[PDB]
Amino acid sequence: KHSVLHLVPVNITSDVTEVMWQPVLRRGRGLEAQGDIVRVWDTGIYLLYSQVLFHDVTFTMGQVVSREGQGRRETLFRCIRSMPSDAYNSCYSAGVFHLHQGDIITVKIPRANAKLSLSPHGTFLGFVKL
């Protein structure tokens, strides 16, 4: 029986845009959403998945998922999508990573006031301890 956390947006805060996250599914207690980041309390291997739904015209959009721990900062994975010059695209990515207690997980979109959907069905972030 695995520990899990599935998070959806509460609001979008504006080089960078981030998402304030709220839990809608939680089992176990080794992970905690604290506003726009997720704290890791339990060292382990986790499946981490991220989707962002973008509405921006023209430019390449994508999210970057990173870990910052005892002294260093590391990108884990990124999703990238070209947008039509006209409108709509979800960007999903996921992978398996060793996370260390004390780690902070960030999901950042490297554009100002990025037009991201608040919809829980389109933009979400989650974890499964493996």
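Between two forms, the rigid core is defined as the largest C-alpha subset superposing within 1.5 Å. Just count from 1 along the sequence shown to find any residue number.
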Can you check whether 54-62 or 93-101 lies farther from the displayed model in 5 other deposited structures of this protein, averaging C-alpha distances as RMS after superposing on the core? 54-62
Between 66-74 and 23-31, where do the CA atoms move more in 5 other deposited structures of this protein, taking the root mean square over the structures and residues after a core fit? 66-74
Counting only residues from the deposited sequence, how many are left out of the model between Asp86 and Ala87 (none, 1 to 3, 4 to 9, 10 or more)? 1 to 3
Between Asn113 and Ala114 - deposited residues without coordinates, as a size class: none
Higher-scoring stretch by recorded Cα B factor average, 99-107 or 64-72: 64-72
29-37 versus 46-54 - greater average Cα B-factor per the deposited record: 29-37
For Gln22, return the chain-relative third of its C-alpha B-factor as stated in the PDB record: lowest, middle or highest. middle
Which third of the chain holds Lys129 when residues are ordered by C-alpha B factor: lowest, middle or highest? lowest
